[PDB]
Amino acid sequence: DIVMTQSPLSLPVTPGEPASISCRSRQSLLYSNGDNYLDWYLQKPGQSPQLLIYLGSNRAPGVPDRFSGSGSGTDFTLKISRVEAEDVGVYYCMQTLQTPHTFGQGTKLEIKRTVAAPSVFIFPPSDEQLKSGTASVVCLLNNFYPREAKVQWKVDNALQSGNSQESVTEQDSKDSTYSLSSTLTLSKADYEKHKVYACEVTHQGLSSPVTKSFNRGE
């Protein structure tokens, strides 16, 4: 097969700044008629891939002139003259010179917007779940940037370990933020042995860690 290698894997870029992505093939993609059989795609979060450049350097219809493709043979470059928030997603190369057609590993573009502290929300367990013998407590960090965040669970001020899981969203196409959930799961028996349930959030946008908490059954 023709292995396609993309560089870099992760590309943080400030809005308005230029971005360049490289895709390198082990076999020349130059065909006998002078065309290079390489296409460039953008996959925005939750959407199907969108064609940006076809056959090396042809900008596809509907693509802003900010995008351009260069190169020949084995080395190709997608250039974005000025990055916008809508440009976030995963960029893919794709060669169609020889079956099996193959794709680059992908390049995740990340918009380096201005620092935004998370809004922190907490949700006690539902009565329905508690009657079934389990307590799920959810801490929500909404619309923040950058992605790096420390979320610690404290129960009656005791730092927890081993009973929570995190999940983060993709960067948003318009506001360029992340959201994150942290979920603490205890048996009802363990849950009722304590009063104060709190998630403590540390983030670059917070001068001091934020604690959101509730009293069991308040």
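Just count from 1 along the sequence shown to find any residue number.
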item	value
Stretch exceeding the other in mean C-alpha B-factor - 45-53, 58-66	58-66
Per the entry, higher mean C-alpha B factor between 98-106 and 69-77	69-77
Out of 130, 140, 83, 90, highest CA B-factor residue	83
Residue, from 180, 29, 186, 158, that the PDB entry assigns the highest Cα B-factor	158
Modelled-residue ranking by C-alpha temperature factor, third containing residue 196	lowest
Residue 111 CA temperature factor, ranked by third within the chain	middle
CA B-factor ranking of residue 175, expressed as a third of its chain	highest
